[PDB]
Amino acid sequence: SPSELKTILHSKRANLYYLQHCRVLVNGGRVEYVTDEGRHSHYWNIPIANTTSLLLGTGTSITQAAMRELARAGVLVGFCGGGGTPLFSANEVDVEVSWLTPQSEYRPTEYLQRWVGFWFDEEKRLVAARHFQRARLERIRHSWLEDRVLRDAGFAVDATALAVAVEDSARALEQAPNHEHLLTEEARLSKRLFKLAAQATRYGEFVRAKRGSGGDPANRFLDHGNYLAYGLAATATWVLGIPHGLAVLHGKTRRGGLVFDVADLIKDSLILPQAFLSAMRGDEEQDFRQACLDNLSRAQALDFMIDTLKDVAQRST
Amino acid sequence: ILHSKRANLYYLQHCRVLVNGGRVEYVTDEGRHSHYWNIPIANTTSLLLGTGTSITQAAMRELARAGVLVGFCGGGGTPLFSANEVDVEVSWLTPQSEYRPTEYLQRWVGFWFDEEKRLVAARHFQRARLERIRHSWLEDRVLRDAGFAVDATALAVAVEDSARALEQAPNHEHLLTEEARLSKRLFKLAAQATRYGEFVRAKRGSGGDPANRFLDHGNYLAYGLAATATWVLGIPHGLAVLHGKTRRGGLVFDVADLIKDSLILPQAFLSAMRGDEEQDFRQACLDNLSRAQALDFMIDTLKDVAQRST
Amino acid sequence: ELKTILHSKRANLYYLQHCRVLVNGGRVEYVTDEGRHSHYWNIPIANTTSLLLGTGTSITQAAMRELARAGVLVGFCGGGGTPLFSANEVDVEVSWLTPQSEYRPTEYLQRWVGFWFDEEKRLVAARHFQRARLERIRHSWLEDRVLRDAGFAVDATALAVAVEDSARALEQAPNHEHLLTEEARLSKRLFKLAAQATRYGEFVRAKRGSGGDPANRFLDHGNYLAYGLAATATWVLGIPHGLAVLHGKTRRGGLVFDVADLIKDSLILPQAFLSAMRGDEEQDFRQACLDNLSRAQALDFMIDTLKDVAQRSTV
Amino acid sequence: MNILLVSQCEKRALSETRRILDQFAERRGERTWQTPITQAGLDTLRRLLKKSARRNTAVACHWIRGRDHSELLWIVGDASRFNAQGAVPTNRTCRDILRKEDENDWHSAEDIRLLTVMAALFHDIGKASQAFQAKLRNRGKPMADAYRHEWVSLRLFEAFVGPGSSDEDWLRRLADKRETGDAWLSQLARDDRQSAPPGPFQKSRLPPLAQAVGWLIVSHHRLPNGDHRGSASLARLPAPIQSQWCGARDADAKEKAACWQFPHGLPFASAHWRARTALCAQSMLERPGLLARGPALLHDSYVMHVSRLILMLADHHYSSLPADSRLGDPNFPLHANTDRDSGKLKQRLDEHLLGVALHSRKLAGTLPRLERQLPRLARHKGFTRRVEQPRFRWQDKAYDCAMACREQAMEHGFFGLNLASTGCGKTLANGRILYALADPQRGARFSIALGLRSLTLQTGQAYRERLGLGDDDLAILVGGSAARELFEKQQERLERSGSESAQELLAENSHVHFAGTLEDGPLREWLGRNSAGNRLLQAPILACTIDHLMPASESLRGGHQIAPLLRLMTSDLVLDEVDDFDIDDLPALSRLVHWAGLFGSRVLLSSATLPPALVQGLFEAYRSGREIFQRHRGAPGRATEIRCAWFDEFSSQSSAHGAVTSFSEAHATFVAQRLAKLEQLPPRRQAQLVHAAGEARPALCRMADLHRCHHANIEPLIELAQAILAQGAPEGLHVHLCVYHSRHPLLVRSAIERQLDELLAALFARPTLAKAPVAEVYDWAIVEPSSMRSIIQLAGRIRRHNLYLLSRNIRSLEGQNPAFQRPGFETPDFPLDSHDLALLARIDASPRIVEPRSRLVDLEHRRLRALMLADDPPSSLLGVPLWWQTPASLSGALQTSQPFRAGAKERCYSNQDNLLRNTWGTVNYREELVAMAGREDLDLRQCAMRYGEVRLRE
Amino acid sequence: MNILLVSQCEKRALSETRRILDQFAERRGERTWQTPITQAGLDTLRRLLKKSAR
DNA sequence: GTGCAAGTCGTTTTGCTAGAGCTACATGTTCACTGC
DNA sequence: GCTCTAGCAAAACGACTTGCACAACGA
């Protein structure tokens with residue numbers, strides 16, 4: 001039933017699927033995806049109850065009955081480009097993911113009312129953006145400098161340099177008078193993080209590629225990881241009922257911007273270390289995705305994401 | 001198949017949607033002759049995949065290129081499962097994604113917090129609802145022929161009185177209750193017309209008699225249709241006008257209200273008395289909804305209240 | 001190589017009744033009567049450390065051979081804590097079958113026999129045993145939060161007084177008869193404090209399986225679990241079971257008893273009483289005791305204790 | 001350690017798996033176990049399971065590393081029974097549920113279809129001119145027209161669209177089927193003023209979509225070709241086009257007025273033509289975002305060349321069809337063509353237009369399925385299983401390396417170099433590599449091409465035997481392409497009717513042997529009328545000259561590009577002794593390689609030596625081609641990095657690369673390894689080096705030392721052969737002289753090659769022995785110096801299974817200043833300071849395989865780097881990359897200024913007996929011809945016309 | 001909370017059990033599942049299995 | 001007598017093929033009391 | 001078109017029957 005199925009709290013479901021070259025159908029009352037294997041077609045199981053979302057890549061198709069089931073279970077479905085590229089992009093247009101949100105599962109009515117209460121006054125939005133960044137900085141510090149797992153894995157980082165970078169950026173964030181300056185600070189923050197991550201990982205010199213066009217392993221992994229972050233952000237913002245459109249920071253170059261704004265919370269605090277770490281190991285995209293999802297589960301990324309949205313709505317009163 | 005001439009909304013069933021040769025194509029039992037080929041693909045169109053259908057990621061790409069909303073709905077199009085979120089038109093977002101942002105959310109929120117205006121909206125909803133009762137029960141005789149012969153003078157008097165009451169009373173709390181009294185009288189009138197005998201409306205699906213079950217099914221379909229209307233307008237479900245501000249999915253119930261007693265209730269009693277199957281009831285309901293242009297009406301109403309609220 | 005798993009790290013220990021232990025398709029198994037049918041059950045020999053065989057059970061030669069290859073101790077015992085045999089003044093709690101095809105190391109054996117044939121050195125070994133016994137019980141009953149959470153509320157002050165008094169008592173205890181009299185007194189102390197520490201009211205310790213109350217029953221059964229782990233420890237070092245230090249002068253194969261006390265008071269007593277409070281069934285009590293024994297790496301401690309006493313007695 | 005073990009075994013294996021596991025863990029399910037265990041214990045368990053594992057064995061081991069997380073440790077046995085994370089499928093069926101057949105990745109098929117159909121509706125409209133109609137009905141003296149019909153059509157098209165119009169305006173007007181007014185005819189810019197109107201492709205005249213259609217219509221018989229060929233104009237090339245580019249002629253003004261006269265009116269009267277064009281325009285307008293794409297579409301080589309291909313292939317086919325009435329209005333006054341046999345009007349003009357449009361649409365729908373429906377070679381034993389003799393074990397190394405990067409190449413493309421030395425059976429290695437790159441699951445398709453001036457039956461038969469291939473598997477194409485002379489002869493004959501597209505796809509002087517099925521051809525509907533081309537496509541594998549494929553990029557006139565272009569678009573390409581070309585020929589080769597990468601083929605270069613600058617230039621061409629290609633096939637947006645590969649006697653290697661810099665640094669690494677490794681292997685040969693001061697060729701033209709030690713051009717070869725025949729052998733020496741030059745007839749060349757192949761204690765038992773530069777593609781040899789490539793490869797002929805060099809080349813003895821001009825790349829711009837000739841000890845490819853006036857090798861390196869890497873080389877500036885860095889490919893300009901097989905030209909040898917004026921391995925022309933006519937089932941004279949050809953100078 | 005489930009069902013019951021469990025965990029063997037899951041979820045799982053037990 | 005192995009043979013499980021239907025069942029609000 | 005249901009047949013699986021070997025290869 002629609003109830004007795006959405007019992008696993010969305011912030012604790014322990015899967016997130018990425019699929020390519022398969023058909024997502026229904027078989028014997030279960031939602032399954034089938035892959036061609038030469039000898040036979042193999043049916044694979046999908047535990048909709050323990051699932052946050054599906055990401056569907058190239059050569060992939062879905063049937064209506066599956067949508068009925070997934071909607072009942074409150075699972076997001078997203079159509080994306082092949083393994084780290086936009087679904088659509090032409091000239092200076094990009095559409096990273098096309099989302100199918102459930103509409104038959106009514107969602108709480110308070111967070112939405114707060115959000116839409118403040119979303120129509122730029123100053124109040126700016127305050128929200130500030131809160132987003134301060135949370136991001138906080139997550140960066142906690143994760144890089146206070147996680148034993150990343151350290152033991154070989155992510156030895158220069159504490160002092162990171163600390164001064166964090167303090168410098170945070171002060172600049174406070175100085176931010178309007179959005180453009182805020183985005184410039186975001187850019188400066190971002191690459192300084194790349195620089196620190198790289199040379200702390202023996203990667204040597206590095207540069208971030210543009211619009212998913214990178215060749216070296218690091219850029220490819222970063223591009224792929226972004227979609228995992230997008231998926232978690234999309235479900236985080238849906239479960240509170242906030243429409244994707246109501247962005248605060250990245251809204252004016254992106255459709256459904258709020259997903260990206262949320263994703264930044266987790267883009268750099270995780271993912272970014274794991275991407276370089278896997279590149280060092282000479283891992284394979286299949287492995288990088290597996291390890292990345294394990295980190296996201298351990299760190300309770302979704303819970304942090306959900307809490308932050310609650311707080312910033314809360315804090316805007 | 002054009003499900004709403006006001007929204008350019010199409011219903012696809014018994015077909016696969018795929019991309020061959022860079023054009024989105026429909027693999028159907030009718031081949032070249034299916035009407036689906038006449039579907040215009042533009043930023044004005046919006047699809048509703050129906051029963052027995054599937055779509056390829058490549059198609060999703062081409063539709064996104066053209067900027068066409070997609071949504072999955074069950075039989076006949078009433079239960080809307082999943083769909084694309086629709087953008088919001090304001091001066092600070094500005095992506096060039098070719099997707100027709102819709103401005104009604106800003107209009108809605110522009111007044112939703114002002115209680116007096118919210119009440120005015122509630123009144124407007126109920127005015128529309130009653131006038132749709134008088135229309136379907138009296139002006140059109142299709143129900144008369146089908147067997148729903150009912151007295152007019154009592155119904156007209158009751159509706160006139162309730163309309164007179166709508167223009168009065170201070171707060172939502174009265175409006176809800178006035179509607180409830182009208183509901184009770186309408187139930188009594190319908191039962192008398194149907195010769196169904198005594199009727200009592202149980203809720204939360206505790207009833208066992210056919211009338212109750214058919215009412216539940218009819219309401220379920222009505223809710224689905226309203227959900228489709230709101231999704232086309234992009235208004236979130238939580239910004240109710242007449243239901244409580246804490247009611248999960250309130251708005252859809254507000255919108256669903258303008259057809260329940262106009263189109264569902266008579267059919268529920270008719271089918272129960274006729275002894276129809278559940279499937280027959282469902283088909284009859286969908287036929288009634290199609291004949292009445294219900295979805296278009298509920299779209300027009302939401303647009304009208306938005307414009308009127310300024 | 002079935003004997004790659006180090007004995008102290010092996011997982012399971014089995015108690016069986018009303019079944020036949022036999023080989024089937026290369027596996028070692030035991031068969032239970034289930035009504036019309038009979039059911040085969042699997043014994044993962046490589047991951048076991050010993051077997052206890054009780055009422056109405058039998059074994060076949062092939063199974064014995066397979067167990068010997070894996071170095072699994074085997075033991076015949078009475079049902080539900082009763083001795084396998086007992087005359088009026090005689091007890092044989094367990095009859096042990098030790099593997100002989102596999103060859104234990106030697107150094108520990110040579111040290112043991114080196115010191116075992118004189119009274120004074122045996123006295124020294126006994127003192128070391130008892131001191132270790134006190135160490136374990138103190139550490140388990142004080143520094144373990146698991147038992148506290150389970151509901152083992154104990155008076156720290158009284159425990160400290162009793163344990164310190166006992167420790168003082170060991171020193172300048174003249175002869176082993178005095179020493180064993182002392183530890184019997186210590187047992188009485190522990191019985192009482194534990195009982196009053198678990199709301200069991202007044203409790204009197206029964207003797208050689210004559211008890212009727214649940215507490216006596218469970219604790220008598222636990223004695224055999226301890227015997228099993230002690231026997232395997234002794235065999236692993238390669239010491240014959242006969243070279244006892246305290247209990248040899250009524251028991252046969254005494255040393256297994258002497259080693260067992262290392263376990264008995266520290267681990268069995270709480271679980272036995274706690275289960276009595278919960279009124280749990282015997283199977284559950286054994287399962288919990290088993291699980292605690294693994295939790296504490298108890299078999300490892302018994303081995304370490306024997307090694308240490310060997311070294312300290314060397315000089 | 002806390003383990004969960006799951007079994008997927010079968011039959012006997014699962015009894016064994018149970019026997020093992022049950023000793024280590026309690027069984028908690030019919031196929032599952034779960035217990036704690038020590039790490040060492042688990043390792044032992046894994047070892048025991050592996051010790052005896054059937055192919056049916058399948059066991060997976062899971063670890064719970066803690067609270068709320070689990071991991072997969074290892075799988076024993078058949079890994080296919082699990083996915084990566086260790087899950088197991090719920091159900092499986094052999095039924096095809098995925099149905100991947102239904103849709104295809106041709107993400108631009110619709111665009112080309114629309115452009116083609118639009119062009120077809122206008123392609124031959126210019127034939128409505130009064131001048132053309134008069135020419136059509138006149139059976140007497142034929143007159144060359146003022147302009148070709150297509151140019152008239154283009155001007156009509158431009159007039160209809162009108163200058164300055166947006167694409168929407170003319171599309172809308174065309175779609176509105178109500179409009180029929182011809183007032184726009186007055187706007188038509190008649191070219192017959194004293195003043196010349198501006199080119200229709202100028203910025204002000206036509207919008208992008210219109211420009212695309214205009215180019216596609218004017219280029220449906222010959223590519224435009226003007227005189228301006230500078231870079232500044234090449235970058236905007238479509239705009240500079242003008243009437244002079246398109247075969248305009250000189251004639252009286254009256255005839256030009258007749259060209260601009262349409263007394264009978266345009267096709268607008270016809271009902272169909274108006275309806276069909278309106279429908280097509282409406283469909284084009286409804287296509288999403290096409291108009292915005294237009295400007296990029298104009299410059300896209302893929303879209304334009306595919307559309308051109310499909311356009312002629314339709315026009316050529318329909319022009320060969322018999323007429324029909326149902327199409328259009330039968331009472332139309334104008335006609336399209338005159339029957340060649342009966343010399344009468346054949347097809348109505350609108351009938352022709354509509355027919356071509358219809359057929360073009362059919363082709364557009366058909367083309368994506370060609371790669372699905374064409375014959376392929378699958379499961380050939382010879383390729384697959386291993387080789388037994390260590391001499392060739394490296395070939396297995398190569399096959400494995402290719403098999404290790406199959407699907408990567410399938411996605412991104414492939415660019416491999418077979419760099420191995422001669423005599424190592426390179427043919428087999430090349431074939432195996434290409435077979436490896438094919439999908440194992442439907443089979444392979446590839447072509448083998450070499451640079452011979454023309455190819456004989458023997459080299460093909462040799463390939464057939466080397467590869468273990470049947471006559472239905474491997475096709476062989478003989479001879480070489482024809483010259484412009486015959487084409488102009490023929491267009492003079494045929495332009496009288498105007499059906500220039502009737503010229504045969506393959507010149508009938510060419511012929512193909514292949515013994516497979518023809519009627520199965522997916523293209524039979526359009527190629528069955530020329531069985532030669534149909535056979536060319538049908539054969540799963542074909543061997544031919546490189547010459548036969550160039551018409552793809554070099555067919556400036558006529559539909560000769562059709563067959564080879566389809567071959568590239570449906571099969572992979574191998575180039576062997578690619579370096580044997582002369583310097584002026586490489587630019588065309590680069591064009592070919594670029595297109596090979598443009599249409600999704602995969603390239604494998606093969607040679608014993610390959611200058612680094614050469615491979616860099618070709619690679620950058622292929623990279624550019626692939627980058628263009630990936631915009632229209634496969635998953636859009638994926639980054640370009642080609643799967644490069646190298647093959648050798650010593651090693652095999654592959655790596656992805658995104659740009660030239662990394663590629664060259666990898667290639668140089670592989671060279672460094674090869675030459676260093678080669679120096680370890682002992683030398684095999686020793687070189688050595690004239691009392692000739694006369695100036696008279698005969699007298700100066702007028703072995704024993706070698707025997708005691710151990711036991712450039714045709715004309716001088718003939719001269720010295722005559723001199724040797726006159727002189728005879730010295731004392732105590734019997735000389736057997738086998739002559740084999742390039743001007744022997746193909747029949748004779750084949751026979752000589754057969755004898756030499758067969759003949760070259762057990763040796764003395766052979767029949768003949770007991771009874772007693774074309775060589776570059778023995779116990780001792782005498783060589784005239786031409787270049788290092790010749791020096792080494794000739795040297796490779798020695799003790800393959802001791803050499804003396806002439807200190808100078810005969811042209812140097814004659815004192816010619818650039819003595820090596822013909823054999824080498826010396827030129828008056830780039831000369832040597834002298835022609836008198838450590839490398840003498842080891843004859844290795846080293847000096848020219850690496851790149852470091854006094855060193856010919858240095859001069860050649862400089863020429864290569866300048867010609868095809870530098871942007872501003874010395875002398876005239878027409879570097880290679882202009883081919884893809886500009887819209888050049890819209891014109892015949894670069895094919896004109898950098899022609900292929902350039903210079904003095906042959907004539908194929910109407911009776912001309914007046915011009916005629918009257919050993920081992922010798923061949924009698926009559927005897928072999930008589931035998932082979934029977935083998936070929938032909939009349940003797942007809943057989944002679946097929947194989948007696950020689951490329952003599954006129 | 002980390003769970004391992006095994007099914008010894010047979011005939012018609014086995015299909016039903018697969019119908020339920022497959023919606024809560026990936027399948028690891030012919031008859032076994034393994035996944036993390038919250039306590040409330042597990043309670044719902046058992047309740048569902050009981051509802052239609054055989 | 002105990003256990004192995006080769007051969008038999010009754011279930012039981014999976015997939016294949018036609019053929020037939022085309023669901024998913026309340027939703028008046030606000031606030032005080034109850035779990036982690 | 002998609003999925004579910006009913007009926008079938010092939011194959012896999014596990015227990016039974018019988019005939020017989022009687023084991024386990026550093027010091």
# chains A, B, ... in the order shown; residues from 1 in each chain; ligands from 1
>>> interface_residues(of="chain C", to="chain G", cutoff="12 Å", atoms="only C-alpha atoms (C1' of nucleotides)", output="number ranges by chain")
C: 62, 65-66, 69, 103
>>> residues_around(residues="residue 41 (chain E)", least_positions_apart="4", cutoff="8 Å", atoms="only C-alpha atoms (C1' of nucleotides)", output="VMD selection string")
(chain A and resid 7 to 8) or (chain E and resid 37 45)
>>> closest_atom_pairs(of="chain D", to="chain F", cutoff="10 Å", atoms="only C-alpha atoms (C1' of nucleotides)", output="tab-separated table")
residue	atom	partner	partner_atom	distance
D:91	CA	F:14	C1'	8.5
D:92	CA	F:15	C1'	8.3
D:93	CA	F:15	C1'	6.9
D:94	CA	F:15	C1'	9.1
D:95	CA	F:16	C1'	9.2
>>> interface_residues(of="chain F", to="chain C", cutoff="9 Å", atoms="only C-alpha atoms (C1' of nucleotides)", output="VMD selection string")
chain F and resid 2 to 4
>>> select_by_dssp(residues="region 199-246 of chain A", states="alpha helix (DSSP H)", output="JSON list (two decimals) with N, CA and C atoms, in the first residue's frame")
[["chain", "number", "residue", "atom", "x", "y", "z"],
["A", 199, "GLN", "N", 47.61, 18.66, -3.91],
["A", 199, "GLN", "CA", 49.01, 18.50, -3.55],
["A", 199, "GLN", "C", 49.14, 17.83, -2.19],
["A", 200, "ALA", "N", 48.05, 17.78, -1.43],
["A", 200, "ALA", "CA", 47.97, 16.91, -0.27],
["A", 200, "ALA", "C", 47.83, 15.44, -0.65],
["A", 217, "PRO", "N", 41.65, 11.48, -15.12],
["A", 217, "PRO", "CA", 40.70, 10.80, -14.23],
["A", 217, "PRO", "C", 40.05, 11.71, -13.21],
["A", 218, "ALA", "N", 40.80, 12.65, -12.64],
["A", 218, "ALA", "CA", 40.25, 13.48, -11.57],
["A", 218, "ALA", "C", 39.02, 14.24, -12.04],
["A", 219, "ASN", "N", 39.13, 14.91, -13.19],
["A", 219, "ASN", "CA", 37.99, 15.68, -13.68],
["A", 219, "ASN", "C", 36.80, 14.78, -13.98],
["A", 220, "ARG", "N", 37.05, 13.62, -14.58],
["A", 220, "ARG", "CA", 35.95, 12.72, -14.91],
["A", 220, "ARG", "C", 35.22, 12.28, -13.65],
["A", 221, "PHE", "N", 35.98, 11.91, -12.62],
["A", 221, "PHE", "CA", 35.35, 11.50, -11.37],
["A", 221, "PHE", "C", 34.57, 12.64, -10.74],
["A", 222, "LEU", "N", 35.13, 13.85, -10.74],
["A", 222, "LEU", "CA", 34.40, 14.98, -10.17],
["A", 222, "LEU", "C", 33.08, 15.19, -10.90],
["A", 223, "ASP", "N", 33.13, 15.16, -12.23],
["A", 223, "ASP", "CA", 31.91, 15.33, -13.01],
["A", 223, "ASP", "C", 30.89, 14.26, -12.67],
["A", 224, "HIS", "N", 31.35, 13.02, -12.52],
["A", 224, "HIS", "CA", 30.41, 11.95, -12.19],
["A", 224, "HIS", "C", 29.85, 12.11, -10.79],
["A", 225, "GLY", "N", 30.70, 12.43, -9.82],
["A", 225, "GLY", "CA", 30.24, 12.59, -8.45],
["A", 225, "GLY", "C", 29.19, 13.66, -8.31],
["A", 226, "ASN", "N", 29.29, 14.71, -9.13],
["A", 226, "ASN", "CA", 28.32, 15.79, -9.03],
["A", 226, "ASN", "C", 26.90, 15.25, -9.16],
["A", 227, "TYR", "N", 26.70, 14.26, -10.04],
["A", 227, "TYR", "CA", 25.36, 13.73, -10.23],
["A", 227, "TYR", "C", 24.86, 13.00, -8.98],
["A", 228, "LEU", "N", 25.72, 12.25, -8.31],
["A", 228, "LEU", "CA", 25.32, 11.64, -7.05],
["A", 228, "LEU", "C", 24.87, 12.70, -6.06],
["A", 229, "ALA", "N", 25.64, 13.79, -5.97],
["A", 229, "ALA", "CA", 25.24, 14.88, -5.09],
["A", 229, "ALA", "C", 23.90, 15.46, -5.53],
["A", 230, "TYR", "N", 23.73, 15.67, -6.84],
["A", 230, "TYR", "CA", 22.45, 16.16, -7.34],
["A", 230, "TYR", "C", 21.31, 15.26, -6.90],
["A", 231, "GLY", "N", 21.49, 13.95, -7.02],
["A", 231, "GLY", "CA", 20.42, 13.04, -6.66],
["A", 231, "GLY", "C", 20.02, 13.18, -5.20],
["A", 232, "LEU", "N", 21.02, 13.20, -4.32],
["A", 232, "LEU", "CA", 20.70, 13.35, -2.90],
["A", 232, "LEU", "C", 20.06, 14.70, -2.62],
["A", 233, "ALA", "N", 20.54, 15.76, -3.27],
["A", 233, "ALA", "CA", 19.93, 17.07, -3.08],
["A", 233, "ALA", "C", 18.49, 17.08, -3.55],
["A", 234, "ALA", "N", 18.22, 16.48, -4.70],
["A", 234, "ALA", "CA", 16.87, 16.49, -5.24],
["A", 234, "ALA", "C", 15.91, 15.81, -4.29],
["A", 235, "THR", "N", 16.31, 14.65, -3.75],
["A", 235, "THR", "CA", 15.41, 14.00, -2.81],
["A", 235, "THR", "C", 15.30, 14.77, -1.50],
["A", 236, "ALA", "N", 16.39, 15.41, -1.08],
["A", 236, "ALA", "CA", 16.34, 16.18, 0.16],
["A", 236, "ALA", "C", 15.35, 17.32, 0.04],
["A", 237, "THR", "N", 15.37, 18.03, -1.08],
["A", 237, "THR", "CA", 14.46, 19.15, -1.22],
["A", 237, "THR", "C", 13.04, 18.70, -1.49],
["A", 238, "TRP", "N", 12.86, 17.54, -2.12],
["A", 238, "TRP", "CA", 11.50, 17.06, -2.36],
["A", 238, "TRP", "C", 10.83, 16.65, -1.05],
["A", 239, "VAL", "N", 11.54, 15.89, -0.21],
["A", 239, "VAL", "CA", 10.91, 15.34, 0.98],
["A", 239, "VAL", "C", 10.39, 16.43, 1.90]]
>>> select_by_dssp(residues="region 29-182 of chain A", states="strand (DSSP E)", output="PyMOL selection string")
chain A and resi 30-36+41-45+53-56+60-63+76-80+88-90+93-95+97-102
>>> interface_residues(of="chain D", to="chain A", cutoff="12 Å", atoms="only C-alpha atoms", output="PyMOL selection string")
chain D and resi 65-72+80-105+289+292-293+296+440-442+631+634-642+656-659+662
>>> write_last_selection(atoms="C-alpha atoms", output="compact mmCIF listing (two decimals), in the first residue's frame")
# COMPACT_ATOMS: atom_id res chain seq x y z
CA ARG D 65 32.96 -4.36 8.23
CA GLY D 66 30.69 -2.87 10.90
CA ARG D 67 27.42 -1.27 11.90
CA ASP D 68 25.29 -0.62 8.83
CA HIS D 69 27.87 -1.37 6.16
CA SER D 70 28.89 -4.49 4.23
CA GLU D 71 31.48 -5.28 1.57
CA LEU D 72 32.29 -7.88 -1.08
CA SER D 80 29.00 -13.98 -14.47
CA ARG D 81 26.59 -15.31 -11.83
CA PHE D 82 26.85 -12.01 -9.93
CA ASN D 83 26.92 -8.30 -10.57
CA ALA D 84 29.70 -6.04 -9.34
CA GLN D 85 28.24 -5.63 -5.85
CA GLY D 86 27.60 -9.36 -5.53
CA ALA D 87 23.86 -9.42 -6.16
CA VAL D 88 22.19 -12.27 -8.03
CA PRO D 89 19.55 -11.95 -10.78
CA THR D 90 15.98 -12.82 -9.87
CA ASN D 91 14.97 -14.20 -13.27
CA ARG D 92 16.50 -14.71 -16.69
CA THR D 93 15.08 -15.47 -20.12
CA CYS D 94 16.48 -15.98 -23.60
CA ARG D 95 13.58 -13.91 -24.94
CA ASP D 96 14.58 -10.54 -26.38
CA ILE D 97 12.95 -8.20 -23.88
CA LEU D 98 15.27 -5.22 -24.36
CA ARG D 99 14.54 -4.76 -28.09
CA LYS D 100 17.56 -2.54 -28.69
CA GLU D 101 17.03 -3.08 -32.43
CA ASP D 102 14.16 -0.60 -32.60
CA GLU D 103 16.03 2.70 -32.26
CA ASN D 104 19.37 3.94 -33.54
CA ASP D 105 21.94 6.58 -32.65
CA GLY D 289 15.46 24.28 -33.00
CA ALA D 292 19.17 27.98 -34.75
CA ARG D 293 21.34 25.03 -35.78
CA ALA D 296 26.52 25.32 -37.62
CA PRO D 440 32.48 -10.90 -31.78
CA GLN D 441 28.75 -11.26 -31.71
CA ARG D 442 27.87 -10.34 -35.32
CA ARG D 631 28.52 15.02 -32.74
CA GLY D 634 26.78 7.41 -30.00
CA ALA D 635 26.15 9.18 -26.72
CA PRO D 636 26.27 12.95 -27.29
CA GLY D 637 28.76 15.07 -25.40
CA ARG D 638 31.30 12.35 -24.63
CA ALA D 639 34.86 13.66 -24.78
CA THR D 640 37.22 12.82 -27.64
CA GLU D 641 40.16 10.61 -26.79
CA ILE D 642 41.14 8.10 -29.46
CA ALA D 656 43.87 6.70 -24.87
CA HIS D 657 44.97 10.15 -26.02
CA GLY D 658 43.13 13.44 -26.37
CA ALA D 659 45.56 15.61 -28.32
CA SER D 662 50.52 13.41 -25.51
>>> atom_distance(atom1="CA of residue 47 (chain B)", atom2="CA of residue 71 (chain A)")
17.5 Å
>>> interface_residues(of="chain B", to="chain G", cutoff="6 Å", atoms="only C-alpha atoms (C1' of nucleotides)", output="JSON, numbers by chain")
{"B": [14, 15, 52]}
>>> write_last_selection(atoms="C-alpha atoms", output="JSON list (two decimals), in the first residue's frame")
[["chain", "number", "residue", "atom", "x", "y", "z"],
["B", 14, "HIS", "CA", -0.71, 1.53, -25.61],
["B", 15, "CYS", "CA", 2.48, 2.79, -27.22],
["B", 52, "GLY", "CA", 0.77, 0.49, -20.96]]
